Structure formats: structure tokens, C-alpha cells
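Chemist: Pasting an experimental structure with its sequence.
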Amino acid sequence: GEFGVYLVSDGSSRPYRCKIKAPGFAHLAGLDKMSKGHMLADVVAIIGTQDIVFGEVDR
Amino acid sequence: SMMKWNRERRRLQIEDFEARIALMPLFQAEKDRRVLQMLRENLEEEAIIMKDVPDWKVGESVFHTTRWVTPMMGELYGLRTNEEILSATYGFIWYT
Amino acid sequence: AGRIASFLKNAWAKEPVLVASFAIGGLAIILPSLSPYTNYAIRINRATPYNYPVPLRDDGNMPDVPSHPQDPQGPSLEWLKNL
Amino acid sequence: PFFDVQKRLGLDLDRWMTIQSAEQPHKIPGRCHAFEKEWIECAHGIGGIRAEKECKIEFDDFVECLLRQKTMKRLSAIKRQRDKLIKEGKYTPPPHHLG
Amino acid sequence: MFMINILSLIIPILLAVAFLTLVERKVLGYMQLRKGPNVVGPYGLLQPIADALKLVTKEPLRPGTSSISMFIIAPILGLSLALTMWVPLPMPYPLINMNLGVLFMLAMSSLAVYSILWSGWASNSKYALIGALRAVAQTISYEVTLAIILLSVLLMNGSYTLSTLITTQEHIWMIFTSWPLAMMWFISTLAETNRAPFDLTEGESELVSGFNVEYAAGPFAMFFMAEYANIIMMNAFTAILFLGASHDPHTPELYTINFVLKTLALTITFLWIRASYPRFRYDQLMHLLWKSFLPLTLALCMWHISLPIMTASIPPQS
Amino acid sequence: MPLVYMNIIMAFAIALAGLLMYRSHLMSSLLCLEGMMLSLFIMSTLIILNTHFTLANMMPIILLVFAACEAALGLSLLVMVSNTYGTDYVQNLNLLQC
Amino acid sequence: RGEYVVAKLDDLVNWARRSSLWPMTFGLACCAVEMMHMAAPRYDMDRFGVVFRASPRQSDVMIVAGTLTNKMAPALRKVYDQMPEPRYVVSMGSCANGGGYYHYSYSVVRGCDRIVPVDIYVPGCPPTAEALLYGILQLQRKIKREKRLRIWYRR
Amino acid sequence: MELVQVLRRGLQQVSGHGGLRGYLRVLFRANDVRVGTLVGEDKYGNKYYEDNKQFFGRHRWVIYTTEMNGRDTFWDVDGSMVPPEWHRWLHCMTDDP
Amino acid sequence: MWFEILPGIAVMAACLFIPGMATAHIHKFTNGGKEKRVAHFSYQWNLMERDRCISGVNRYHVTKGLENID
Amino acid sequence: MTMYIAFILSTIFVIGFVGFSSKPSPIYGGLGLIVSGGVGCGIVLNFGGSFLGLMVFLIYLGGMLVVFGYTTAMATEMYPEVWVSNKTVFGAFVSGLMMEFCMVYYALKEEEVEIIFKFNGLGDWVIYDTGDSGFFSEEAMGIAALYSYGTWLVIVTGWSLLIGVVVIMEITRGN
Amino acid sequence: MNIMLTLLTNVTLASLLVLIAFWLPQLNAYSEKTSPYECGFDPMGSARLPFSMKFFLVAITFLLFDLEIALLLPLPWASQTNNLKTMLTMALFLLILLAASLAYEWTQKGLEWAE
Amino acid sequence: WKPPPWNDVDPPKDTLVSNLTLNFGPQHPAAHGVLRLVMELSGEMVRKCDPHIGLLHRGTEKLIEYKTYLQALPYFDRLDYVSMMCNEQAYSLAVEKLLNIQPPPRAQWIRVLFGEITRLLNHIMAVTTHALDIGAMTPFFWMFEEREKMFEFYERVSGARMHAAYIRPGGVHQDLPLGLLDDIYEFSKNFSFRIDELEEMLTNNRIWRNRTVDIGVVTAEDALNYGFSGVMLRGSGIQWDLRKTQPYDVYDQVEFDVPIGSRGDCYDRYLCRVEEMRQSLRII
Ligand SMILES: CCCCCCCCCCCCCCCCCC(=O)OC[C@H](COP(=O)([O-])OCC[N+](C)(C)C)OC(=O)CCCCCCCCCCCCCCCCC
Ligand code: SF4
């Protein structure tokens, strides 16, 4: 999806704080809405199409 | 193709059945002699064993009528071995 | 007419299964009456001699029944082997 | 029945099977076809009260045909006395008993 | 010598089942461009032995909340029934020539569901419980089509005697007369035997291991042995039913060649299907059966009951 | 009368007692009810097969297909009770009372 | 003597145990996709005689593959507990080996062996697919050098 | 025609693997029954092969020695006995031995 | 290639091979070369019982015909 | 032994009935009942009722009692009420093993058991009838008359079954 | 003679085959080993609850459907009757009513069971 | 005793139904090993699902405050671990933006080529892994044979299989080895066939469709409001793509057709993804 990194530079040779936009984060956030109106054997299907690789969603 | 094959089988079956029809006379006569001969052996055995019974006159007709009744298998094979009993009652029934 | 042909074709567009089963079941009931072989079927079915044809007491004047299972008298099934 | 519609319109619904001496598939008999036919024709056009006692002979004979109580008791007494005698060694079964 | 013949029937099948794990593993791998077991012995020939005696030497852990008597009876019924499935088969001359073998075949096959229900309840876990409940629910839905298919198929045979199927197919394969039913019967056999897409009973991906989700080591092989034994038997049952073979009385060797060669082809296409189709879903599993299978089976049964009458081609009952 | 006929007849009678002697699971009660008919189905076959009442071979299936129908009613009522009450207990199935 | 007979019996059990293990890869992180990569037709574990089996009551060896956090820690142990004997755990990747790249973070336990008795440590970040295949080969060699029946004989 | 030729190599495979003994040895020891040209031999008994006709990967391969640094290695197999200079060539890091 | 699976299934064909051969040959061997005379109906059964009694040795499979009558 | 084999099958039939009639766990009661269902078929098989014997296996063992397991899986009283759970069920099971053991001994000694009916304890094999059935299996010809003479039963049985499905959905619809 | 003997042999074969699969592996179960497996996490206490109606509804429909098919097993011998026309009409009746029961069950939701 | 209620409707008791909180995963194979998805269910029907995540939460951003920019680069390779270069593409684009330094054009072209090669990496992951759980598992292995080929390409350039650490701020670390473009050209030719294997295997298969079509549909407004991105919006017909609307790097000097769906269900995305494969092949 849209993978963005937001970092704040202190002006030193090191970053201060880096925020990464995880496409899976919003997608896994939206996992509740899709699952409404579907069975568990479709819940597995939605999880597949969400491309929720968890190290990406877990940051 | 099947309707021709099935039609042929029916001709085969009636041919097979017709052989059994011709075989009934000898079979019926043989079973007729066998069953009443074996009953007589029972009656002969009855009149060696019921002599001492206070009230037993041989050949009692349990049915009041004089018409012949097909012999029940009990009085037929009752005085035979265990092999004769087993091979007669359930002999056809078992036959895996 | 126009609706019937459209509805039948349109139904065959969504569901092809029940229209197929309805057609088969529809055939399964009519042609049994229209078939010319059903009378043949019951004739051969009656022709099978499961039981013994017990002989009839011959007292004269029944020419139809044969006196021997080779005489022309009596029922014959020359159709059967051809059928 | 309470309302014998079968008799009125003459369509056979159940009586084809109420007794065993009626028409049977492939014309094969029951165990007691001979006896129950005799009892039935004995107790036709007679009435239940009269047929209870008048056709008693045909009944218990027919009952004995399918129950086979006294016949089985006859065999039991035959067998019971046999083992009550041969165990004492008073009479030995002939070879045809044992084959 | 009836006894030695019995071991001559059950022992080879058990060894056949063991080798079925190897061939399925290799063939399924080959679809996936893999190689399958080829390191353990020549072409993996000893892989079934390796898998068999490794699991036997693994402890049969019983779950804490299990009725041990209930936990053990189910494999006994499952494996014994699967081996009993072959006793009426018309293999040259049928072992148990039961005149109603097909009914005996169906009754025993339908009695297999008790293993599914009992295993799920004895395990006593929600995952196993709903896994078993849907498993039997898938199971009990389809054999009504099995019975209907057989009644229509056997209608032109003559009786329920399995040996009579040989003489019916003496000229042409019986599939040609009822190929709509042949695919009807074939698909229903997968559902009974619980292979993909009808693997929602087990559902390795989404139901972990179905009723075998806990069932481990010692008696787990029993369901596995019973499952795979049914695969051959169902394919063998299909082989005789539709793909009949000529049988010379003076050489039963020849028809065994034809029957055997067909029944591996029928088992091969089983896992061939597994290596191509996605797994079904519970609702589609019922909807497919009750909405597009039952109506078609009814009509075809109606077609096949009246067919001998309209053609005067009723078969002899003998 | 043959000893076996006692075994089915006594099987029914003890099945009849289990149907009437209740406990706390009318599910178990239904088991005695269908066992009750199984003895009826079983015994009926013995006489009919024994006496060669060929046309009477009818009723063992006829009795089966109708006794099986009561299972549909009985089990359906089971879940109905197990929905307004949740369970299949019988002591709680006394809301009528008065 | 009895020593020779028990040696053959031990080897007979030994041969299957080193050729019929069914791993359960507890997929954690980028190390896990590599194990699926050595499921690819390129390496194909199943040619050795091992199958990816879920329901870890069936598996023999279980593979931790990736970082292990405190949130994942207690459940992962329980997977090891009801995993039936004989049970072996193979450390996949640096993160599972000794915390790896996140060895100093607040949320990952340094090394997986702090939770389970690691049998084989496989280095890598990620270990290339055949490097794990090598580790599995080492597992069977170690499995070959056991004296279970022999020890009981002297017990 | 073609099936005969495919059968024809099969006995040629038996001839290539030193008759029956080598064929039985390699198939029970390496599960490989394919023979290629000799490419080299280190000071270990690690006999090496190469066959460009096979696809990338299996085109060059090895069967391991029986004696490795005073260790029995007839049945066991490890990838680490490969010496460094030959480890370069075997992994196709350099296509010249 | 796929000639490596044939060793697996060839053994399979041999496994299913055995039960057919055994039940064929035991039926042949026990019943004096002839197959097991099946009796799906009572007629065929009482046919056999006549043969068993008429053989003079109490086995049905021993068949003995025109050499007897006089 | 094979002398009184049907004596045996009848005996497990009784103890199988005493099993579920003793009100054990509904699955366990099902287990006891199907055991009686299994053994009862053999009794019919020994009498030549193969088709009738096989049906109870099909529609009663693999039929009714399978959906019975669903309600047991649906009921699921909070604890199993297996035989060890209660002591009355043991007493019910223990009791039901006495009187039938008493009267068989009563019937095996003098055979004059007069419980309700007069009953003979003679061997099961006696009451069998001697006579060939030709080529037509008497059981098969009887059932096949369903569509020859059992026309009236077929309509009523079919109509009730059709009404059987209309009621079931209507009661279960829950308004 | 052979029938239950065949049944007898399989049951012993199964029982010993599990018997040497039970005592031989030297059972060494612990408390956590015997603990239920629930996707690797804690079970919250369950498998003792009713499951709505859909599983029950299909079971009853199957049972009713299984009973009608039970009525039509004897068809292969029914075709051998003397009066085919009555048999043809009657067997067709059972099938169309089997259809009608399916037809109603389909139309009034039914096979689309509850969720 | 209480007289019966007048309406005969005796008062319903407490709730006799439950929603059966199920603890799906993490050991569950479908849970990817680390999912604590917990849901509420009325039978098969579900009410609410809680995707309990964090079973992998590492310090990540926390340690980046302590690592220098160069040292922080390998984190992104491990963040969205299946899209190796696409992550460090974002980091390098971000960092060089602050530095006000643009990479040489040669560097840019290598980045986009590997970026779309990485797009092939992930979309193969997304489709095949999904097919694993839906059932059919052979497209998994079929494509994974190809996945090694670009994985091998990763090794030829960076020196590692997955975590290349190739895209550094200011361009790329090293050059492509001589002839590397030739091998990927051979791979590019044959991969169009491999896509056809997927579509032939799955696209028309009924079992695949019925488990996927009209499943998990979401409208455009909710999809955008949910913060979705990439294919998630495109599947619902949303007209948006970062490579087109805001072309970073060389992506402006290249033509490709964005596969916009028209239903928003799972099937539309599956067609969109496989079309993204072909359009990625256009970029190569
Ligand atoms: C005079 C002529 C008399 C006879 C004429 C009969 C009509 C003409 C012939 C019609 C076709 C044959 C009968 C119907 C068969 C299909 C039934 C059906 O429901 O189909 C649609 C069904 C359902 O399709 P669906 O679900 O997409 O759509 C059905 C309709 N709606 C949407 C309304 C529900 O198809 C399937 O079920 C797909 C297969 C499922 C099982 C998966 C494995 C398949 C393996 C296939 C390969 C192996 C085949 C082996 C064959 C046997 C070998 C021995
Ligand atoms: S060791 Fe390296 S590759 Fe493996 S999980 Fe940790 S960071 Fe990822």
C-alpha cells in the first residue's frame, strides 16, 4: 500500500524520532468492517487480501 | 447397447429358470421321500424312549385335523447332531 | 410467447441446474406413457416362470393347453427372442 | 371399520393384506395358509359371537400352527426325557442320530 | 483355510495404505514441481516404514479432559469398519458374497460418522467440537445422494449383489449409460472421504487438523489408516460400479489386472484434484449439495427408474 | 413361545420403564422412545419372517418411517425447549403448573 | 549378546526418527518466509522425508523463526509444552538465536533459548534457505548419535 | 524410437557408475544416478562432477568421500567437508575449477 | 521426471494384487478347481446340500455323475 | 455356542436396552442403544431378514441416531453424566442385569416361565420353518410389493412425510 | 460362521494395532502436555454450549430425506413386478414428493439456513 | 403460586445465547503464526473481530533514536520484510529529501527496477500465500520457484538473499554485476507465462471465485476514511496511485496502467493484483 516514513531530524548525525506509515496498520484496523457479514471461513480470506504481513503492521 | 444386453440376460434367466422347472419333479420326489422317512425315524425313536412314560401313546396328532401338516423343523431335526441342526437351520443363512 | 421464451432462456442464464433437472424429470414421466415398449416390458416380466406351472387336470375339451411341452398349443414367446 | 367406505365404493385399500391366505406376490404361501383358510371359511357369514365357539376347532389348530406351542412342548418333553435317560446309559442313540 | 485368506486380504491393504502416503506425497509434490520423498530409500520406498514406526514410538498423549474409554473406541470402529469395507468386494470372486452387498456397503460407510462425532466429543475442545460437528454435517448431507445414485445406477444392474455388476458391464462400461451420474457419484465420494475441496472437515490451513487437531501418535494413524483405506475402497467401489471389466472364469487373473489398474487411476485422479482446487466452504458445501446436486440426482433417478420400462430393458433380479 | 420373544418383549418393557421413569434429560427420554420402537420394529420382523406373511413384510419399514417421524417432532421440540430454557432438563419444564 | 540386539533396535528407531520428523515452523518474522522458501521446489524438504505439519501435537521438531517478544513469550512456551516427545527446537535466525538486531529493545527476550531448550542454533539474518536445510541435516546427525536404548540397558 | 533411446541411456547409466556396485552405491548414498564428466579431485576423496546439459543448479554436483579427517562419512553426509578453493566453484560463484 | 513414482505405484499395484489372487486361488483350491458355487437363493443352496449328501464323502465340491447309475 | 447363537444375540439386545433405559449420558445412551441396534440386526439376519436387517443399520444406526448426536452436542449439560457420575444409574444398570439373568436361568432349567405369557425356553432354532423359497427371496418380494399392492400405504406414508417437513420448519421457525 | 468371523478378525486387528500403539511408546504425559491445545493460547472454558438451529435444521431435513429414500430402496425388485404401471406411477410419486419436500424447503428459505 | 400472565407470554428469562469468544492463533497456521485475532460469533455468523496485534512488536522506532541514519537503514528491510527494497526506497527518498541531495540518474533507474522487481516479490507472496489457506497450494510452489530467481538476483547485486540493504541515502551501494541485466531479461521473458499459470489455475475456478467474489466488499468512502492505501483503495474503484499522481524517482519517465477495480470485493483486488504483476513486468 502506501508505506511512508515520517522522521524528525534534530540536526545531529542521528535521527530523533521516526514514524513509519504502515499500509497494513490501517488495513488491519479496517479488518473489523470487512468481516461483518461474513463467515470465519471468509475471515481467513479477508486476512489474506489485507496483505497483513505482521512485522509491517507491528512496526 | 445396454437394452440389448439386458434383453439377452432375460432370455438367459428364463432359460435358467426353465431348467429348474424341469428339475422340480425329481427334486420334489426326493425331498418328499427324505422328509417323511426322516420323520419315521423320529417316530421309531419315539417308540423306544416313551415306553416308560405314564401317558405317552406314540404318534399323537398335535393338530386336531387329519389333514397333513408340513412338518415343523423342530420335530424333524430335533433328535440329530449339532452339525445337522446348524447346517440345516442357518446353513443357507450363513453361507458368506 | 415472448415472456415464456425470455423467461426460459433467462432462467437458463442464472441457473442451468434445476432447468436441466426439471427437463429430465419432465421427460421421465411423459414418455413412459408414450413408449411402445412398456407393454413389451410387462409381457416379458410376466413371461418369467418363477413358480412351477402346475399341470391342469385333463378331462377333455381344453384344446388350448398342450399335452406336452413341445406341442404348438399353449402360450408361445417367439416374439421374445426376437425382442 | 367405523365407516366402511371401502365396502361402499369397492376400492381395496388395506384388506388385501389383513390376512395371509389372500393374494400374495408370486403366489407363494404363508406358513399357515391351509389352516387360516379353513378357519376363515368356517367363520364367514356367522358372526363373532357364534364363530367364537362353533369354529373353535379351526382356531386353536390355526393358533397352534403359527405359535407351535404344544408341538414345541412335545419336542421339549421328548428331548428332556432323552437326556434324563441316555445320561443314565439306558438307551443308546442309533447311528442315524449321529450320521 | 478361510482364515489365511482373511489375513491375505487385510494385511496387504494395510501395507498398501502405508505406501499410499508415499505416492501421494510424491505425486502431490510433483504437481508443485517438487520431488517428494526420495532420500529415505530408493525413491522413498521406505518412507512409509519410516513414518509408520516413528509415530508408533511416539507417546499417545491423552488430553486432560478426555473420556479414555470414549477416546479409544472411536479408532477401533473407524479402522475396523474401513477394513470391513472390502469383504463384499467382487475382487475376482467376492469374499463375502452378500446378496445385498451394496446395502452392506452403504450401511458400514454411513456408520463411519460415529467415529467423527465421538472423536470430537471425547477430545473436548471447542476447536475439535465444531470441527467434528461440521465434519459430520458435511458427512451426513451427501450420502442421501450416494443412496439415490446407487438406486438409479443399480436399477439397470438387476439387484444389490455386487458380483452381478460384472455381468451387467460384460459389453460396455456402465459409465456410458449414466455418465451424468458417474460424475455425480464421483464428486460425492470426495465429500464422503473428505478430500479437497471437501476438506473443511480437516481444513489443515484454517481448522488446524480438524478432528485430528489433537489426535496424536499412536491412534492417530488409525484415522489416517482408515481415511486412506476408504480412499482406495471408494475408488475401488467406483471402479467396479462404472468402469467394469471382462472376467473370464478360467482366468480371474485378467480381470484383476483391469480392476487393479483402474482403481489406481481412480485414486490418482483423487489427489490430482487435491493438487488443483481451492478448499470449499461450509455454506457452499451444503448449498452445492442441497441446491444443485439433490435436484439433479432426483431427476436422474426419475430418468433411470422409468428408462427400463420405456425400453423393455428391465434386468433380471438374479 | 420361543425364548427369544421374551428377550424383545422384556426389552420393550424395560425400555418402556426408562421412558416413563424420568431423570433430568428428556433427551435421554427420547432415546428410550426410539429404542422402544426399535424393539417393536425388531419383534415385528420375527413373526412376519417366521410366519411367511409375505405382504406383511410391509410394516417393519412402515412402522420405521413413522416412528422416525416422531423423532423429527421430538427432537425439534427438544431444541425449542433448549431455546426458551437453553437446556434439556425436565424439572424446569414445569412452567405450566397451574 | 544383548548389547548387539539393543544396538540394532536403537538404530531401527534411530533411522525413522532421523527421517520422519515433521517440523512445525512457528512463523514469527522474515525468518519464517525463508522457511517457506525452502518449501519451494528449489529445496523441497519433503524429498528428505519431512512435511510441514500443523497441530503441534503431531510435529516432532518445532522451529522458532524470527524475533520473540514478551507478548509472544508465554504462548510460545505452551506450544513447546504440549508438543509431544521427542521434541526439538531449532533456532532460526539471529533474532531467535540471541535477540539479533533487536537484542537491546525493551520488548524482545534476548535469545529464544531463555524460553525453550534450543537443540540446534542456526545463524543467519535470515539464514539462507539451504543453511537451514543444513541445520535440519545436523539435527538428523545429532539424532543419529543418541543412546536411548543403550542408556536404558545400563540403567 | 524415443522410448528405446531413453531406455538405452539407462543401461549406459549402469555402465557409467562402474557397473552394478557403483550404481547401487550412489543411489543408496546420494539418491543420484546421473553421471557427468570428471572435473577434479581434491586431496580428500571428494570426487567432483559437472554436466552442462543439466539445468542451472544440478549441472555441477558432488558425491562425498568415505574418509574425512579420520571420520567415517560413508552413510552420513554434510556440506562442510567441501574444501574452500572448491567451495567457490561448486556454488557457481566461479565457473572454472 | 515422472518415472520415479512408478516404483511407488507398482508396489501399490502389487499390494492390491494379492487379495484378488488369494481369494481366487483359495476358492479354486478348496473347491476342487471349480469356483465357489454361490447360493444367492434357497434353490441354489438346497442344490448344494443334495450334492454334499450325494457325493458319498460329505463335500459338495466333489462332483460325481454318470459313473454311479446302473 | 452355535446351538443357541440367537439366544446370545437376544441377550446382548436386552443388556444393550438396559444400558440406555438406565438413563446414562445421551451419547453413552446412544452408545448403548446403537449396540442394541447393531446386535438386533443379527437377530433379523439369522431369520433371513437381510433386507430388513440391513435397513436398521442404514436408517436407524446411520440414520436417526446420528442426528441424535447433534442434540447431545447441542444439549451438553455442564458435566458428563456418564455411569460414574451418578449412583442411581449404576443401580439402574446393575438391577437391569438381574431379572433377565434370573428368568433365563428360570427358563433354562424347566422352561415353564409364565411371566405374563407362557414362554418356552427351548432352543431358538426350532421355530424355523422348512421349505425352499425357489429363486424369489421372500423378503425381497414382500418389500417390492410396496409399488404393486401397497399403493394406499405409499400415498399416506408419502403425504405424512410431506407434512413431516412442513411442520418441522414451522415449529423450528420460532415465529 | 465366516461373517462375524470376518468382523471378529478386524476388531482384534484394530485393537491390538492400537494396543501396541499405546503401551509400547512408553507413555510419559505431563500436566501441560495433556493440557488442551487452543491455537497456542489459553482456553476460556467451552464446548458446552448450544449452536443455534442451522446444524439442527439440516440434520432433521436429512433425517426426513433419509426416511423417504428408505422407502425407495426396494425399487430394483419392484421393477420385477407383474404390474409395472402401478409401480411406475407409485415410484414416481415418492420421487416427486421428495422433490416437493425439497421444493418447499428451498422456497421458504430453509436450505439457506440461519446464520 | 402466581396466576398466569394475561397475554400467556410468560416473561423470557436471561440470555441463553453467547457469542463464543474464540482465540484464533497464534499457533494457527492461518494466523501467520503471530495473529491473536479474537472475534464474536453467533455460530458461523460473526459480530465483531478484534485483531489483537503486538505479538511481534519490537523496539524499531525506539532504537532508531539511537542508531545513525546509515545504521537505521537495515531496520526498514526488516519492517515490511517481504518487500525488501521498497522499504529502504522510502527511507532513502525521505533522508535524501532532508539533505536536499538528489541521487544520480543511474541510481534512480536501478531503484525503480528493483522496486518493481520487489513488487513482483510481494504480489507473488500476497497471492500464493492467500491460495495456501483458501485451499489449492500448488500455485504456491509454482511461483516460489520463480521467487528464488529474483531472490538470486538480490544476491548477485547486494550479496544477501532478503535483507539487501542496497538502497542507501544518495543512491545505491554498489553496481550491478556485469551481465546481471541479461539474466533478469531471461527471467522477465518467462514470467509472463508463470502469471498465466496463476490465472488459469485460479481466476476462472468456481471454488476460488465463490470463496472470494462479493466477499469483504467496502465502499469507496469508507475505504478512504479508513485510511486505506494502495491496492485497498484501487480495488474499490478509487482513482488514485502514488506512482502516477506523485511520481517519485524515475516513475514519471515510464508508462503503466493502474488496474482500477469496479466492485471493491476480494475478487476485484485479486484481478487488480495479477494485473499489477503484468504492469510491473512493463516497468522491468
Ligand atoms: C437423453 C439424455 C438424458 C440425460 C441428460 C442429462 C443432462 C445433460 C448432462 C448434464 C451434465 C451431467 C449432470 C450434471 C453434472 C453436474 C452437476 C452440478 O451440479 O454441476 C454444477 C456444480 C455446481 O456449480 P456452481 O456452484 O458453479 O453453480 C451451480 C448453480 N448455482 C449457482 C445456482 C448453485 O458444479 C460443481 O459442483 C463443481 C465440481 C465440484 C467438485 C470439485 C471436483 C470436481 C472434479 C472434476 C474432475 C473429475 C470428474 C470425474 C468424473 C467421473 C469420473 C469417473
Ligand atoms: S534474525 Fe534477521 S532475518 Fe531473522 S527475524 Fe531477526 S532480523 Fe529478521
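Modeler: Yep, it's here. Numbers count the residues shown, from 1 in each chain, chains lettered A, B, ... in the order given. Ligands and ions are numbered 1, 2, ... in the order given.
Chemist: Would you mind listing the residues in contact with the closest residue to chain I within chain F?
Modeler: Of the residues in chain F, the one nearest chain I is residue F:52, at a distance of 12.4 Å by CB to the nearest CB. All C-beta atoms are positioned from the backbone trio N, CA, C, and that covers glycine. When the contact criterion is CB atoms under 8 Å, 6 or more residues apart in numbering or on different chains, the partners of residue F:52 are D:20, D:28-31, J:129, J:138.
Chemist: Now with 7 Å, please.
Modeler: With contacts defined as CB atoms under 7 Å, 6 or more residues apart in numbering or on different chains, residue F:52 is in contact with D:29-31, J:129, J:138.
Chemist: Ok, residue A:20 next?
Modeler: A:5, A:59, L:79.
Chemist: ditto for residue L:127
Modeler: When the contact criterion is CB under 7 Å, 6+ apart, the partners of residue L:127 are L:198, L:273-274.
Chemist: Would you convert those residues into TSV that also reports secondary structure?
Modeler: TSV is the format used below for the contacts of residue L:127 (DSSP: H, G, I helix; E, B strand; the rest coil):
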residue	secondary structure
L:198	helix
L:273	helix
L:274	helix
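Chemist: can you list those residues in CSV and add distance to chain A and neighbour count?
Modeler: What follows is the contacts of residue L:127, written out as CSV (distance: CB to the nearest CB, whole Å; neighbours: other CB atoms under 10 Å in any protein chain shown):
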residue, distance to chain A, neighbour count
L:198, 14, 20
L:273, 9, 23
L:274, 13, 19
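Chemist: Now do the phi/psi pair for the residue of chain F closest to chain I.
Modeler: Main-chain torsions, residue F:52, degrees, to the nearest 10: phi 60, psi 30.
Chemist: which phi and psi does the one residue sitting closest to the centre of chain F have?
Modeler: Most central in chain F under CA atoms, centre = their mean is residue F:33, positioned 2.2 Å from the mean C-alpha point. Note on residue F:33: its backbone torsions stand at phi -70, psi -50 [degrees, to the nearest 10].
Chemist: Also residue H:62?
Modeler: Per degrees, to the nearest 10, the residue geometry at residue H:62, taken as phi and psi, is phi -150, psi 150.
Chemist: And the one 10 residues further on, by the same measure?
Modeler: Geometry field for residue H:72 lists phi and psi as phi -70, psi 120, criterion degrees, to the nearest 10.
Chemist: Run a quick neighbour tally on it.
Modeler: 9 (other CB atoms under 10 Å in any protein chain shown).
Chemist: Okay, and the beta partners of it?
Modeler: Using DSSP bridges, the bridge partners assigned to residue H:72 are residue H:67.
Chemist: Close to chain L: what parts of chain H are there?
Modeler: Chain H comes close to chain L at no residue, as judged by CB under 7 Å from any CB of the partner chain.
Chemist: residue in chain H nearest to chain B?
Modeler: Nearest to chain B in chain H, going by CB to the nearest CB, is residue H:3, at a distance of 35.3 Å.
Chemist: so is that residue in a helix, a strand, or just coil?
Modeler: helix.
Chemist: can you check residue G:62 too?
Modeler: Bear in mind the rule, three-state DSSP; under it residue G:62 is strand.
Chemist: which phi and psi does the residue nearest to it when sequence neighbours are not counted have?
Modeler: Beyond its immediate neighbours in the sequence, the residue positioned closest to residue G:62 (CB to CB, 6 or more residues apart in numbering or on different chains) is residue G:24, lying 4.7 Å away. The phi and psi torsions at residue G:24 (degrees, to the nearest 10) take the values phi -120, psi 100.
Chemist: Quick check, residue G:24 in contact with residue G:60.
Modeler: No: Residue G:24 sits out of contact with residue G:60 when judged by CB atoms under 7 Å, with a separation of 8.6 Å.
Chemist: ok, residue J:42 - contacts?
Modeler: When contacts are taken as CB under 7 Å, 6+ apart, residue J:42 is in contact with residue J:9.
Chemist: now residue E:102
Modeler: Residues in contact with residue E:102, defined by CB under 7 Å, 6+ apart, are E:150, E:154, E:160, E:162.
Chemist: Now do the helices in chain A.
Modeler: Here chain A has its helices, by DSSP state H, at A:23-29, A:31-35, A:40-49, A:54-57.
Chemist: Redo those as CSV? Include distance to chain D and mean neighbour count.
Modeler: Compiled in CSV, these are given as follows (distance: least, CB to the nearest CB, whole Å; neighbours: other CB atoms under 10 Å in any protein chain shown):
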stretch, distance to chain D, mean neighbour count
helix A:23-29, 70, 22
helix A:31-35, 59, 20
helix A:40-49, 52, 24
helix A:54-57, 72, 26
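Chemist: Quick one: closest of the ones you listed to residue D:88.
Modeler: Evaluated with CB to CB, the helices of chain A place helix A:40-49 nearest to residue D:88, the distance being 79.0 Å.
Chemist: ok, that closest one near chain E or not?
Modeler: Yes: counting by CB under 7 Å from any CB, chain E is contacted by helix A:40-49 at A:41, A:44.
Chemist: and that helix, what does it pack onto?
Modeler: For helix A:40-49, the contact count by 3 or more CB pairs under 7 Å, 6 or more residues apart in numbering or on different chains; DSSP states H and E identifies helix A:31-35, strand L:45-52, helix L:105-134, helix L:266-283 as packing neighbours.
Chemist: Residue G:119 is nearest to which of the ones you listed?
Modeler: Proximity to residue G:119 (CB to CB) singles out helix L:105-134 among the helices and strands packed on helix A:40-49, at 27.5 Å.
Chemist: what about the closest one, distance to the chain center?
Modeler: 9 Å (CA atoms, centre = their mean, to the nearest Å).
Chemist: tell me the angle of that helix relative to helix A:40-49?
Modeler: What separates the directions of helix L:105-134 and helix A:40-49 is an angle of 170 degrees, with axes from the mean of the first three to the mean of the last three CA atoms, to 10 degrees.
Chemist: could you give the angle of helix L:105-134 to helix L:266-283?
Modeler: Helix L:105-134 and helix L:266-283 meet at an angle of 150 degrees, taking the same axes, to 10 degrees as the criterion.
Chemist: after helix L:105-134, next one along is what?
Modeler: Under the assignment DSSP states H and E, the closest C-terminal helix or strand after helix L:105-134 is helix L:138-157.
Chemist: Against which helices or strands is the first helix or strand past that following helix going along the chain packed?
Modeler: Once helix L:138-157 ends, the next helix or strand along the chain (criterion: DSSP H and E) is strand L:167-168. With contacts defined as 3+ CB pairs under 7 Å, 6+ apart, strand L:167-168 has these neighbours: helix L:84-99.
Chemist: Check chain D and tell me which residue is nearest its centre.
Modeler: Ranked by distance to the mean C-alpha position of chain D (CA atoms, centre = their mean), the top residue is residue D:65 at 2.6 Å.
Chemist: what's near enough to touch that residue?
Modeler: The neighbours of residue D:65, taking CB under 7 Å, 6+ apart as the test, are D:31-32, D:35.
Chemist: What residues of the helix or strand containing it count as buried?
Modeler: Element membership of residue D:65, judged by DSSP H and E, is helix D:56-67. For helix D:56-67, the buried set under the neighbour-count rule, 16 or more other CB atoms under 10 Å in any protein chain shown, comprises D:58-59, D:61-62, D:64-67.
Chemist: ok, these vs residue E:16, which is closest?
Modeler: Using CB to CB, residue D:66 is the member of the buried residues of helix D:56-67 that lies nearest residue E:16, at 51.8 Å.
Chemist: State whether that closest one and residue D:30 are indeed in contact, as I suppose.
Modeler: No: shown here, residue D:66 and residue D:30 do not form a contact pair, counting by CB under 7 Å, at 8.6 Å.
Chemist: Which neighbours do these two have in common?
Modeler: Common neighbours of residue D:66 and residue D:30 (criterion: CB under 7 Å, 6+ apart): residue F:51.
Chemist: just to revisit the earlier point, and the following helix or strand past the helix holding residue D:65, what does it pack against?
Modeler: Once helix D:56-67 ends, the next helix or strand along the chain (criterion: DSSP H and E) is helix D:69-86. In this structure, helix D:69-86 makes packing contacts with helix B:2-49, helix B:73-77, judged by 3+ CB pairs under 7 Å, 6+ apart.
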